[PDB]
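S.K.: Sequence below, structure please.
(3 chains, ligands or ions: 8)
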Amino acid sequence: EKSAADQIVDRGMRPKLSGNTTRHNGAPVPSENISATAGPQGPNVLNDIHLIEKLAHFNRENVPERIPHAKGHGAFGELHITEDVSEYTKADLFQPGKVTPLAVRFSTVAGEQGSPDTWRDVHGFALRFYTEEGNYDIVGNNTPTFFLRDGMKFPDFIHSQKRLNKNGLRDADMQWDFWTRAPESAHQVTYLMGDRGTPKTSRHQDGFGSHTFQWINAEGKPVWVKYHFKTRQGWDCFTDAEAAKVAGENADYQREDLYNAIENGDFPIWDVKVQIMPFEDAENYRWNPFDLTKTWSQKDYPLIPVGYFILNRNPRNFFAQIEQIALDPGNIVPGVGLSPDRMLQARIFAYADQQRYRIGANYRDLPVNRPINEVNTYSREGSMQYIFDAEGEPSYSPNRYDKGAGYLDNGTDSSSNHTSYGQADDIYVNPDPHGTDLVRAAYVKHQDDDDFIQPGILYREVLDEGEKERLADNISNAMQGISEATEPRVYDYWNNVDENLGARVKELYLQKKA
Amino acid sequence: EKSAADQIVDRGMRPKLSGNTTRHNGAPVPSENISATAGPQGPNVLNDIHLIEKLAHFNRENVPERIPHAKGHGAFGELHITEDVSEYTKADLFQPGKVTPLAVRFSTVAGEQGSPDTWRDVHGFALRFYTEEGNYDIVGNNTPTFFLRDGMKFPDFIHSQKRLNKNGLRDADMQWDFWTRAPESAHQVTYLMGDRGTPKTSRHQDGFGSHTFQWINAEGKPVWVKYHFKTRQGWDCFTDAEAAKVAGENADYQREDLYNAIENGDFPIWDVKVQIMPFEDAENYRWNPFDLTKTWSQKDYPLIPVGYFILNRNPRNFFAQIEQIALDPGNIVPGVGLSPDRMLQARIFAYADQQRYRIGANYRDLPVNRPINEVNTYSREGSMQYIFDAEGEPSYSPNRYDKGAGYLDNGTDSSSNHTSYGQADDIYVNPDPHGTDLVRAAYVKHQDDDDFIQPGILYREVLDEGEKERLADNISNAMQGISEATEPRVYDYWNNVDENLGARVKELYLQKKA
Amino acid sequence: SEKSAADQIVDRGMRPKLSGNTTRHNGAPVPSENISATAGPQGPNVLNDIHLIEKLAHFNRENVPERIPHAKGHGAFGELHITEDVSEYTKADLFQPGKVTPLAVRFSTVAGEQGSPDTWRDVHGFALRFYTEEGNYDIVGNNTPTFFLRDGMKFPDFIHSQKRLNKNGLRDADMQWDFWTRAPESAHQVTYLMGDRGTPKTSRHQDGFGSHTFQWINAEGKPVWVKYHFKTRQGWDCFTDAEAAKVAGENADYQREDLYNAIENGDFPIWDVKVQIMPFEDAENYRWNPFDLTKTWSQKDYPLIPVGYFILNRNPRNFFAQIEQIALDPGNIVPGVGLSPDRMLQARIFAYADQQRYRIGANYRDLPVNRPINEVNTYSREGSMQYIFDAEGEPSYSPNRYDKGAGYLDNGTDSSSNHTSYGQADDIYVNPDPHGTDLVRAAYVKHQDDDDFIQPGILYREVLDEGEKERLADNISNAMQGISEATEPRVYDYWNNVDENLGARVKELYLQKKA
Ligand SMILES: NC(=O)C1=CN([C@@H]2O[C@H](COP(=O)(O)OP(=O)(O)OC[C@H]3O[C@@H](n4cnc5c(N)ncnc54)[C@H](OP(=O)(O)O)[C@@H]3O)[C@@H](O)[C@H]2O)C=CC1
Ligand SMILES: NC(=O)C1=CN([C@@H]2O[C@H](COP(=O)(O)OP(=O)(O)OC[C@H]3O[C@@H](n4cnc5c(N)ncnc54)[C@H](OP(=O)(O)O)[C@@H]3O)[C@@H](O)[C@H]2O)C=CC1
Ligand SMILES: NC(=O)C1=CN([C@@H]2O[C@H](COP(=O)(O)OP(=O)(O)OC[C@H]3O[C@@H](n4cnc5c(N)ncnc54)[C@H](OP(=O)(O)O)[C@@H]3O)[C@@H](O)[C@H]2O)C=CC1
Ligand code: HEM
Ligand code: HEM
Ligand code: HEM
Ligand SMILES: [Cl-]
Ligand SMILES: [Cl-]
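M.R.: Numbering: from 1, shown residues only, chains lettered A, B, ... in the order given. Ligands and ions are numbered 1, 2, ... in the order given. Have a look at this structure:
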């Protein structure tokens, strides 16, 4: 019952201790039960050192929860490569036969800590691979798409899914007012309002990178990729009513399920697959290949196998290793790049920015966040600096010593004299930008790009009749509480997805409005 | 539609705005919808100033939640004095005819920010009165008693009610292991496991100061007091099953109920009453009068009316005025004092300590935390200093200027030359300390002091047959999941409360188990 | 080389020497430390230069709140060696015969901020940590046997008066003297401060003192009162007022640099560790209140008793990580050591950890320099930046059904109900008579010779040589420059109260320099 992740999860852990407790300076604790007073009925004294230390540290246990994805849980495990994808990527963890330790965190989106796992919501599906060339995180979701195509709109969407400023209540009118006024949301809202909005567990859902990313091979050739993590346990979903019943019975149903499964040796597995779009295919694809609200059809780009991952290790300490994990899509490694997906580009900034605040400036030094290789950096100081460089090493580059600089640099000067390095392939090999100016512009318009065609295809060509009916039923449930002003916007929105769906949504909504 | 609290709840509020949005420097925002790129398909530029500002501030929305009592909600209103209690207290807010603005926050204890209002739990009942001699907070609960008599044990109790370190799950075995090994808990556990563990709303419960406090009149004469807030709406409780059903239907049931009631003009009212124990009655009472786990019998000390309070104003902004309120039992005013209740004495330190961290060093300056009178303090600086003293005023006392010093001081020197002020009645007029040394000691033992007699009396003399049966049923439900190691300890604990209760608890537990 | 017993401690958290190329904080290779990525050579900077943003953002977060007070300081590591038998007086492990214990020290000024000169006239901090087998024992002392105040309520007043005016950010002579003359309990320490010892040349050329009365308790539980004295083997060596001010401009880090260089060159500074020991029963009848910080115990009544020595033989590996982030705290006591009814000390026992929780973070105790050598067994958990955590599944509460344990007075299995009592809290201190049964705000118990002026008067009349007496008056009159006309007579009276001849000379010199 060993795990490749054991090295990682044992970092920072004390041995088992017994006898008597100590204060934080190591001195023996007199009592955990009775505080010191000036006479049995006299006042508490200021100098009960343990009392104050115990209370003060208790007072500082809590830290800001994530916004969004506050409610979550995770595990550790292993990635196993079983295919040869070296033609497409030089990324070390993806080379033939590689086995790489991993962490994963699953989550909901809108609710706070302690909110139920089985509220209808997207679920986060966020992986870290502790690779030989650094931590590579694929911070995904249980959906191949998402609600928006521009990060500028992300805080609007998340406030609309959270609580009204006046009274701290979540609100149907607000959710639908936003969604109908941001019709790019239709693809993901259709997915969310279906059966997959309420998966039973974290084990019984697929995961996806959602965004288009780039793979680059040893020769520098790029291809566009999408990640699919296909559950070996299978999709398994509650109905709307079932999900609510479970929310009241066990708000931590999914957290408990994953813990139990691993504790019992029932290790969940996902097959890792990719869609691969040749660089030359992108401009002419029927949909914009970088628009997050557009999936690539699997009839055009079938899933290609890479390997599998398995979760075989529960955390040693939930707070230290899961609450404090700092999963970040900007944690890329050689052989992997980004794309002109504006949502992705905003994310590459946003996660580390939040983590610097939520955890601290030195969050990268915490056991679960350190890579397996040594970090060679000129960064220094900051709050709670546990790790520091070898004595006397330089704080600046270029310098006259040997600590070094970037791989493009010579290590000895500032690259003046008009030195150029060229295309920043490590970010991504870019396609045509279609303009020479700083602009605020639409995405390049491809033949079938609109806000409604893909969820309409889902409804008309993929869903069975039971799925179609449950979708309409779920939507009409989610509509209860909207204002009269919002009603026709919602009718119009669903009509635009499909006129039969829209008709049925309105029919059921009106029956329930009573 | 007016409230005395209007002055307070309007502090910090912007006027209604329209037109277009602005950045935080006041410059016009170009778009809330589209971010700037270098070409339509080019990379996002670093200098989309609004994008980064919007994302970065979004990233910092969350702050540490309270530990404990994270999940709560509140309102504002008025305290009205209707009786003359000036013979007992000189406290300004309690003088005849006085009408004082108030805030209140209600809460659960164990769960985090998103957790259901209707989990079985104690409910917090925390009041601020914005008096002419400062903010006076009575930070109470919906129970006249509590689980412990020494603050040293408080973090143990709260960890036992929260989540296991390994897996983030709450745990029955942990809750009962602590409760039965800390049998002082029996009084409150009996109250908690009865109907009152699941009140339907915040309006349908009493509130209590719980601790013994002190009242001092204009002549300096002290009496011991306990606060009772008697609901005019009446106690109204869910069954165990009903509370869980509601948790799944609406995790914010009580928050929503209070908001709706006030919005609809159905203003909830509580009658404010006190028990008053003469200073000379304390040593000879059948129970220790300062032990939080001991209530004063209302047969011995009947409720004496003081006035009523009414909640007639919802917050303008929930986060700003409720999440950020810093309710603190150390917020006492002239005419009110403490007592040798060790729990109370620990609390007088603990709340401000947490608030300095949870909110910030300058939390007292936030609109909802400022008193109505001007604060004259030598404190200065700290993070986010909004309010500062008049230009050039001195930073130290004693000084040669006019800002002043304490009311006991002369305003000109340091009170050297062996100056004494005598008894610190503003803290409390103390009873005998029963010793001359710094000690860790039991409370003074009164005739009927033990851990079990009071809940036994509740069971044997107060509860009706349905209440007694539901109590046993609730306990046996809450026991599901305890280890075989814990079972006999729990059987014994309940037998100590009452032999018939204990027998029924074991009977129902064994029926439900396996 | 030169080994140190402190090597274990100072090596904690240190990376090996690295070469080749730099990496981002996720471990991926850095393309450039020189050029940022743009959309075309003359195009805009792109958002997704991940290294650029990470480098700038972590740079932006390098600074942390400096200490208030004692912001400007520096330190080293070394060894405590016991050479005498004091076991009849204390059971404290580090003080037992033959014991060798690793140590840290930080020296400092008081009023100035992080960038301010080491040689401004000021008290100097002398703060020791001993990494003992029974926990970290810190003696957070100063280079004076006394201090300005006898009640912690007044401490923030004194420190604001030594810092900057609220309106304009300037330090101010009038404010300093207005406070001192209105708080005449300050006279003892101000006399010490204004003499030669206000300007020691280096950290090595000054004594250290615990200042407060502490308590020692032996194996049988018998207490004695003690004061610590750390007697420099290098000897007191002081600048004049003029010399110190010149050095302040020439090298603001004169003392920091001196200590670094001394240790690098193998010139390890040493102090002899001694105590005054006052029998418990002597306390009530001493001519001065033995718990009043403004009162020293005469060495004629209580001579210095030798204990051992300490030596500084190791420079820090990283100044910020090991010195700026050290959390020295007088509340870090160990078995065999206790407190006393010195109200300044009692306030300090609260204040340091309180500031450190803010200045560093909730989990500051887990940083390499702050961890003891023994394992910490605590039910505390979580908090920001939790690096260290308990063994998997260990309980978070006591009493519990497992083995993690509780306090040494507890039984480990219940809450000590049923009216359990443990008795006198000797680990805090064996208390003397409290002289009352009520919560009060009261003077200290008045001993025969207690006043605010006799002790500095004795220093002036019986201890100082003629040169010291004259330089004292000259230094005081220099420090008075800038006081208001209102403050002048207060200062004249204050010095007259110390000694009429000193007062006359102070006024003479002050008026010569004013006009
Ligand atoms: N292309 C993609 O990456 C994905 C697309 N979709 C949706 O399917 C539509 C067609 O895509 P395309 O790949 O061309 O067609 P395909 O028929 O090849 O794929 C349809 C996909 O939809 C999934 N699916 C089945 N039931 C549901 C449901 N209740 N809710 C959400 N998804 C479900 C299928 O999973 P299964 O094989 O287990 O039946 C399958 O992955 C798209 O418009 C999109 O909305 C959904 C998931 C992935
Ligand atoms: N003394 C006090 O301040 C209080 C005591 N108690 C409990 O009552 C016992 C007797 O106290 P005493 O004042 O001498 O006797 P009393 O008969 O005068 O008061 C009994 C109290 O118990 C309340 N009560 C009724 N049902 C329940 C229940 N389901 N769960 C919890 N409380 C309930 C009553 O409320 P109501 O009048 O509305 O029926 C009343 O306030 C105590 O041992 C204590 O456990 C409870 C509340 C306050
Ligand atoms: N009792 C104590 O713990 C100390 C007292 N003092 C001062 O000395 C006075 C007499 O104390 P007592 O112990 O009875 O007499 P002692 O003669 O036994 O001791 C006098 C002390 O004063 C020190 N001293 C010498 N020059 C100066 C100076 N320039 N500035 C400050 N201190 C100096 C001496 O150091 P050295 O032996 O090297 O000459 C010695 O430690 C006290 O009122 C106090 O002000 C000062 C330091 C410690
Ligand atoms: C521009 C759009 C988005 C922005 C700005 C954004 C930003 C953030 C931030 C700041 C966090 C908190 C990170 C932390 O504090 O550790 C977060 C959490 C998370 N986000 Fe996003 N997000 C966006 C869209 C997405 C998308 C499209 C996905 C999936 C493809 C996603 C998946 C997740 C997941 C899984 C988490 C939780 C990670 C964990 O378990 O720790 N987000 N997001
Ligand atoms: C020694 C025992 C206790 C300690 C150390 C303690 C400490 C605390 C702390 C630190 C907070 C968070 C405050 C904040 O961050 O704003 C809190 C919340 C709270 N406590 Fe306690 N507590 C104790 C027992 C009690 C008792 C006996 C009562 C009732 C009589 C009580 C009622 C409350 C309430 C109502 C809140 C939430 C206040 C709000 O709504 O903001 N606590 N407690
Ligand atoms: C009631 C009076 C006093 C209070 C409230 C007080 C409080 C403090 C605080 C809060 C710090 C900053 C600690 C940190 O953040 O690490 C500090 C620094 C310091 N204090 Fe005090 N102090 C008092 C009097 C004294 C006395 C009498 C002495 C010496 C006997 C002393 C010696 C020091 C030293 C040496 C430092 C710097 C420690 C270091 O180098 O890190 N203080 N003081
Ligand atoms: Cl920040
Ligand atoms: Cl803090």
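S.K.: end-to-end on stretch A:267-284?
M.R.: Stretch A:267-284 has an end-to-end distance of 42 Å (C-alpha to C-alpha, to the nearest Å).
S.K.: check whether that stretch contacts ligand 1.
M.R.: No. Stretch A:267-284 stays clear of ligand 1 (C-beta under 6 Å from any ligand atom), getting no nearer than 6.9 Å. C-beta coordinates here come from the backbone N, C-alpha and C atoms, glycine included.
S.K.: Break chain A down into its structural domains.
M.R.: A:1-62, A:63-145+A:197-370, A:146-196+A:451-514 (curated CATH domains).
S.K.: For chain A, just list every one of the strands.
M.R.: Assigned by DSSP state E, chain A shows strands spanning A:37-38, A:72-81, A:99-107, A:124-131, A:134-141, A:207-208, A:213-216, A:222-231, A:269-278, A:304-313, A:336-337, A:438-439.
S.K.: The first one and ligand 5 in contact?
M.R.: No. When contact is scored as C-beta under 6 Å from any ligand atom, no part of strand A:37-38 falls within range of ligand 5; the minimum is 13.7 Å.
S.K.: For that strand, which outside residues touch it?
M.R.: Outside of strand A:37-38, the residues within contact range by C-beta atoms under 8 Å, 6 or more residues apart in numbering or on different chains are A:43, A:44, A:45, B:340, B:342, B:433, B:437, B:438, B:439, B:440, B:441, C:434.
S.K.: Let's have the domains of chain A in CSV, adding distance to ligand 4 and mean neighbour count.
M.R.: Below are these laid out as CSV (distance: least, C-beta to the nearest ligand atom, whole Å; neighbours: other C-beta atoms under 10 Å in any protein chain shown):
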stretch, distance to ligand 4, mean neighbour count
domain A:1-62, 15, 21
domain A:63-145+A:197-370, 3, 21
domain A:146-196+A:451-514, 3, 19
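S.K.: what's the closest of the ones you listed to ligand 2?
M.R.: With C-beta to the nearest ligand atom as the criterion, ligand 2 lies closest to domain A:1-62 of the domains of chain A, at 21.6 Å.
S.K.: JSON lines please, covering the domains of chain A and showing distance to ligand 2.
M.R.: Listed next are the domains of chain A as JSON lines, based on distance: least, C-beta to the nearest ligand atom, whole Å:
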{"stretch": "domain A:1-62", "distance to ligand 2": "22"}
{"stretch": "domain A:63-145+A:197-370", "distance to ligand 2": "23"}
{"stretch": "domain A:146-196+A:451-514", "distance to ligand 2": "29"}
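S.K.: Tell me which of the ones you listed approaches ligand 8 most closely.
M.R.: Across those, ligand 8 has its closest neighbour in domain A:1-62 (6.8 Å, C-beta to the ion).
S.K.: Just the endpoints, please. Distance across that closest one?
M.R.: Termini of domain A:1-62 sit 33 Å apart (C-alpha to C-alpha).
S.K.: can you map out the helices along chain A?
M.R.: Counting by DSSP state H, one finds helices in chain A at the ranges A:6-9, A:49-58, A:154-161, A:172-181, A:186-193, A:240-249, A:253-263, A:318, A:342-358, A:453-457, A:465-478, A:486-497, A:499-513.
S.K.: Determine the set of other helices and strands touching the second one.
M.R.: Spelled out, it's helix A:49-58. Judged by 3 or more C-beta pairs under 8 Å, 6 or more residues apart in numbering or on different chains; DSSP states H and E, helix A:49-58 is in contact with helix B:154-161, helix B:342-358, helix C:343-359.
S.K.: For ligand 3, find the nearest of the domains of chain A.
M.R.: domain A:1-62 (24.2 Å).
S.K.: thinking again about what came up before, find the pair from the contacts of strand A:37-38 with maximum spatial separation.
M.R.: Farthest-apart pair in these is B:342 and C:434; separation 18.8 Å (C-beta to C-beta).
S.K.: Spell out for me which residue occupies the centre of chain A.
M.R.: Note on chain A: the residue nearest the mean C-alpha position is residue A:139, at 3.7 Å, using C-alpha atoms, centre = their mean.
S.K.: need the contact list for residue A:498.
M.R.: A:455, A:456, A:459, A:460 are the contacts of residue A:498 under C-beta under 8 Å, 6+ apart.
S.K.: go again using 7 Å as the cut-off
M.R.: With contact set as C-beta atoms under 7 Å, 6 or more residues apart in numbering or on different chains, residue A:498 has these partners: A:456, A:459, A:460.
S.K.: Just give the closest residue to the last one, not the sequence neighbours.
M.R.: Taking C-beta to C-beta, 6 or more residues apart in numbering or on different chains, and ignoring the residues beside it in sequence, residue A:460 has residue A:498 as its nearest neighbour in space, at 6.2 Å.
S.K.: Next to chain B, which bits of the stretch 351-500 of chain A? Give me the list.
M.R.: A:353-354, A:357, A:430-436, A:438-444 (C-beta under 7 Å from any C-beta of the partner chain).
S.K.: Give me the subset of these that also touch ligand 7.
M.R.: Among these, the ones lying near ligand 7 by C-beta under 5 Å from the ion are residue A:357.
S.K.: Selection in ChimeraX covering whichever of the residues of the stretch 351-500 of chain A next to chain B are buried, please.
M.R.: Here is the ChimeraX selection string for the buried members of these, based on 16 or more other C-beta atoms under 10 Å in any protein chain shown:
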select /A:353,354,357,430,431,433,434,438,439,441,443,444
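S.K.: Next, count neighbours for residue A:447.
M.R.: With neighbours defined by other C-beta atoms under 10 Å in any protein chain shown, the count for residue A:447 comes to 9.
S.K.: Tell me which residue in chain A sits closest to ligand 6.
M.R.: Closest contact between chain A and ligand 6, by C-beta to the nearest ligand atom, is at residue A:46 (11.4 Å).
S.K.: quick one: contacts for that residue?
M.R.: Contacts for residue A:46 were tallied using C-beta under 7 Å, 6+ apart; they are C:346, C:350.
S.K.: what's the answer for residue A:292, then?
M.R.: Per C-beta under 7 Å, 6+ apart, neighbours of residue A:292: A:145, A:146, A:149, A:210, A:211, A:341, A:343.
S.K.: Then residue A:31?
M.R.: B:152, B:440, C:407, C:409, C:410, C:422.
S.K.: so which of the residues you listed would you say is closest to ligand 1?
M.R.: Closest to ligand 1, out of all of the contacts of residue A:31 and judged by C-beta to the nearest ligand atom, is residue B:152, at 54.4 Å.
S.K.: That closest one and residue A:30 touch, don't they?
M.R.: No. If you go by C-beta atoms under 7 Å, residue B:152 and residue A:30 don't touch, sitting 10.1 Å apart.
S.K.: what sits in contact with each of the two?
M.R.: With C-beta under 7 Å, 6+ apart, residue B:152 and residue A:30 have no common neighbours.
S.K.: wait, what's in contact with the residue in chain A positioned nearest to ligand 5?
M.R.: The minimum distance from chain A to ligand 5, using C-beta to the nearest ligand atom, falls at residue A:59 (5.3 Å). By C-beta under 7 Å, 6+ apart, the contact list for residue A:59 reads B:350, B:353, B:354, B:357.
S.K.: Would you reformat the residues you listed as CSV and include distance to ligand 1?
M.R.: As requested, the contacts of residue A:59 are exported to CSV (distance: C-beta to the nearest ligand atom, whole Å):
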residue, distance to ligand 1
B:350, 50
B:353, 50
B:354, 45
B:357, 44
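S.K.: Now do stretch A:230-244: everything it contacts.
M.R.: Taking C-beta under 7 Å, 6+ apart as the rule, stretch A:230-244 contacts A:118, A:120, A:195-196, A:198-200, A:203-206, A:246, A:268-271, A:273, A:470, A:474, A:477, B:248-249.
S.K.: likewise stretch A:160-174?
M.R.: Stretch A:160-174 is contacted from outside by A:109-110, A:175, A:178, A:478-483, A:486, B:73, B:252, B:255-256, B:259, B:314, B:316-318, using C-beta under 7 Å, 6+ apart.
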